[PDB]
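1. Sequence first, structure after; it's an experimental one.
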Amino acid sequence: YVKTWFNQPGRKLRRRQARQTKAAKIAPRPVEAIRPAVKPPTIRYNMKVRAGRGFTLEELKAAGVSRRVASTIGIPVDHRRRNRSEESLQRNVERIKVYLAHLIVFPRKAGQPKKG
Amino acid sequence: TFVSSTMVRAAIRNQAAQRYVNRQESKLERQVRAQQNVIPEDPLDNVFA
Amino acid sequence: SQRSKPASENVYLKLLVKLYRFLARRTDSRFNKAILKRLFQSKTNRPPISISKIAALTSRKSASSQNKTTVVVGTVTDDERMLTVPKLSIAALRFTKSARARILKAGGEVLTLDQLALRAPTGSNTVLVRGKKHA
Amino acid sequence: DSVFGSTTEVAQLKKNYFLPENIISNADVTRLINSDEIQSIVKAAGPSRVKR
Amino acid sequence: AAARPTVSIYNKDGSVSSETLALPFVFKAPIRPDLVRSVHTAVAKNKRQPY
Amino acid sequence: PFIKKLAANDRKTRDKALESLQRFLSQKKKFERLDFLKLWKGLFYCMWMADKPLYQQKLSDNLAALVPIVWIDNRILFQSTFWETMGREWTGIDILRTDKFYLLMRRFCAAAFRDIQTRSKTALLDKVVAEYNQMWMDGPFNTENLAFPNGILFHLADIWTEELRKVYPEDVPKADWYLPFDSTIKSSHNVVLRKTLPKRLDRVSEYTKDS
RNA sequence: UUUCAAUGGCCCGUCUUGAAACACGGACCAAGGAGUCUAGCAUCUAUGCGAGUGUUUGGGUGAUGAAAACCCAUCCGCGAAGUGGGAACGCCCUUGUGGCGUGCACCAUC
RNA sequence: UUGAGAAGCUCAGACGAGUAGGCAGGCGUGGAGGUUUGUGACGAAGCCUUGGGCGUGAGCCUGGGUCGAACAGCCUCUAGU
């Protein structure tokens, strides 16, 4: 079998139309969730900083965001990752704190019974 | 007696482990040189511009 | 590909071959004959010469390079390893962007093979050089 | 000027792009051949198409 | 190496204006019919449907 | 006196700008070399665009006659900048525009001698030529400037005596008229230049003191 | 063009074989009918840039077809890691002749 | 003296079998980009012809007849040539 790439420009267009389709549904919030900053796990790459999967629970507790609130305002949680050093904790705590500064959370209507 | 295969894979990996930083430093040093190797303005070039 | 005309389709290289065809037969210089022969040569037979080789060859032994133009039918690349560039005057088919900037900012000038033909039509006071073909 | 840049200054819209340089500065080969600098040192031209 | 410095700008009614623009350096670039037709040959193949 | 107007695409604008520049050159102020270098970029292209032979004969006459108009203090800078822009742009001209620029250089060659004669009425001739010989030596006849074309100097040698005789039809006084050529032939690093300039030059040692 | 006269003229291809002999294939005509595409490698040439080089996995963008063209974030691949002869040049000066120097590439000598 | 498609023009001498194989330049076909401000119902293409011409040749141009709606030269690209 020989795989051909004639749909390469048609996949590019289809993926872009999905981003536009996604943005139409969720109008003002970002098309991606904020990702942490981590360091790759080798002696070849540990100097580089890249994006992680989600923020650790210890990073969210320091930033002031609970693990149940976090998912609702676009902050992924990684229950697996941990902070073995204070630099990873502070690098990503500041990342969450900056995110909260630039964030507008629209209020939600709440059911409110008469008494009690 | 000579070496063991436990470190042989570690030595070759440590050899290519510096490939990333060597490429990063080579790219970084090149841009510094290009910043220094800028031909002057030749003020007779904005005469009509 | 090397005998009576270049294999190159570059129009401007044909204009240089045309200019040195006139200079080779209307002058009794072996420089014009040597330059014309090297214009027919292929890219493999015209190796680049570094800016460091030009600086080394001119200021070699007794040095006293004076102001003789260095002529190479080829590309003058750059040697970033050398830090101080002397005042050189080189005429070449091509200079790289870094080599041209280093030669100009560090004193001297860069010429084309037609700018030198007007300065030294017989190639007098020229240092004809070549790149090593070992590669 | 921003799309293409100059032969010495980089293009604004193309990162690290400079206009190509020419193998000849002046491309009028007739001007070089028939110049005072060159015609003053050439030996006396033989005839054109010669008699049989 | 010496070319016209500026170019004139024409109005809607085809009349010249007093404004002028310095000739961009791209018009002084080498003209390479060999290179243009080699690149064109390749680029012209880049919208071909398979058969 | 705008330089952009001097290189306009229509001849009417270029002529108007040339006339306005006539007053600008006669101010009692010192223009720096760069100011004249930019001014001579437009003036070179005003001459570069002249179309018919009759116009470019008069245009070169207008540019040459501009020299006495300039203030005496910065008149030398006007000529020295003319020969700088005629050396860096000479090799870029095409074969159909060289004849129009040969005449301009010839008219300016005689414009130097005529200015020498004018200043000789008040000041002594020896110092006037010394000022001009300094201009020739620092400019076109510089030995450290390898890039100055020989076509300009070959033209200057061909017309040096013939344009000096025009300025002094009756008699030519003793002076260092041929000093720039003597310095060039002796100590130039262009073997083609020094082997051919004595052939082109026709210096008359009849008046100059024997060495 | 047909035909006559004079002179000459063994059936083509394949295989065989010094050569042929051969043995094969051929009733005739039309149409179809066989070194192609692709991946890797090496030489050579051209082109671009050059201690660098390679945009097209992808992203950005593209209103006149938007599967094109145009743009490039992070990677990654591949590269980087003294004496003689001699091209060319100047100076001579008995001027040619030769000599005096400077000596590329490359080859010999340490 | 006009004879610079310098890829042109021009002068001179020698030489000419050829399998395998090596090399160069050309002829023709389908389609593509450009071009000829191209040809065509006052007749395109095709076919026919003891009509004529050009080229060493592959081939090409043309008259007459037949015919009825498309087609070609030049530069480049391409191949189920």
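-> Nice, thanks for sending it over. Numbers count the residues shown, from 1 in each chain, chains lettered A, B, ... in the order given.

2. so how far is chain E from the closest residue to chain A within chain C?
-> Using CB to the nearest CB, the single residue of chain C nearest to chain A is residue C:80, 24.2 Å away. (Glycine included, C-beta is placed from N, CA and C.) Per CB to the nearest CB, to the nearest Å, residue C:80 is found 27 Å from chain E.

3. can I assume that residue is in contact with residue C:98?
-> Yes. Shown here, residue C:80 and residue C:98 form a contact pair, counting by CB atoms under 8 Å, at 7.5 Å.

4. Quick check: neighbours shared by the two?
-> When contacts are counted by CB atoms under 8 Å, 6 or more residues apart in numbering or on different chains, residue C:80 and residue C:98 are jointly contacted by residue B:33.

5. ok, residue D:13 - contacts?
-> D:2, D:3.

6. Show me which of residue C:80 and residue C:98 is the more surrounded one.
-> residue C:98 (18 against 15; other CB atoms under 10 Å in any protein chain shown).

7. Secondary structure element holding that one?
-> helix C:97-105 (DSSP states H and E).

8. following that helix, which helix or strand shows up next?
-> strand C:109-111.

9. returning to what we had before: can the helix holding residue C:98 be said to contact chain F?
-> No. Judged by CB under 8 Å from any CB of the partner chain, helix C:97-105 stays clear of chain F, getting no closer than 12.4 Å.

10. chain center to that helix, what's the gap?
-> 15 Å (CA atoms, centre = their mean, to the nearest Å).

11. nearest spatial neighbour of residue A:48, skipping sequence neighbours?
-> residue A:40 (5.8 Å; CB to CB, 6 or more residues apart in numbering or on different chains).

12. wait, isn't that neighbour in contact with residue A:46?
-> Yes. With contacts counted by CB under 8 Å, residue A:40 reaches residue A:46, the gap being 6.3 Å.

13. check whether the helix or strand containing residue F:42 contacts chain D.
-> Using DSSP H and E, residue F:42 maps to helix F:33-48. No. Helix F:33-48 lies out of reach of chain D by CB under 8 Å from any CB, never closer than 14.2 Å.

14. Show me where the chain has its strands.
-> Here I'm looking at chain A. According to DSSP state E, chain A carries its strands in the segments A:37-38, A:50-51.

15. my bad, the chain I had in mind was chain C
-> For chain C, the strands defined by DSSP E cover C:49-50, C:69-77, C:89-95, C:109-111, C:126-128.

16. burial of residue 17, as a residue count?
-> Defaulting to chain A. 10.

17. that's the wrong chain, I wanted chain B
-> Residue B:17 has 16 nearby residues by other CB under 10 Å.

18. ok, and the closest non-adjacent residue to it?
-> residue A:44 is the one closest to residue B:17 (CB to CB, 6+ apart), at 4.3 Å.

19. The one you found contacts residue B:19, doesn't it?
-> Yes. At 6.9 Å, residue A:44 and residue B:19 qualify as touching, with contact defined as CB under 8 Å.

20. Which of the two has more residues huddled nearby?
-> residue A:44 (16 against 10).

21. And the more buried one, its phi and psi?
-> phi -80, psi -30 (degrees, to the nearest 10).

22. contacting residues for it?
-> Counted by CB under 8 Å, 6+ apart, residue A:44 has contacts B:13, B:16, B:17, B:18, B:19, B:20.

23. If we use 10 Å, what do you get?
-> B:13, B:14, B:16, B:17, B:18, B:19, B:20, B:21 (CB atoms under 10 Å, 6 or more residues apart in numbering or on different chains).
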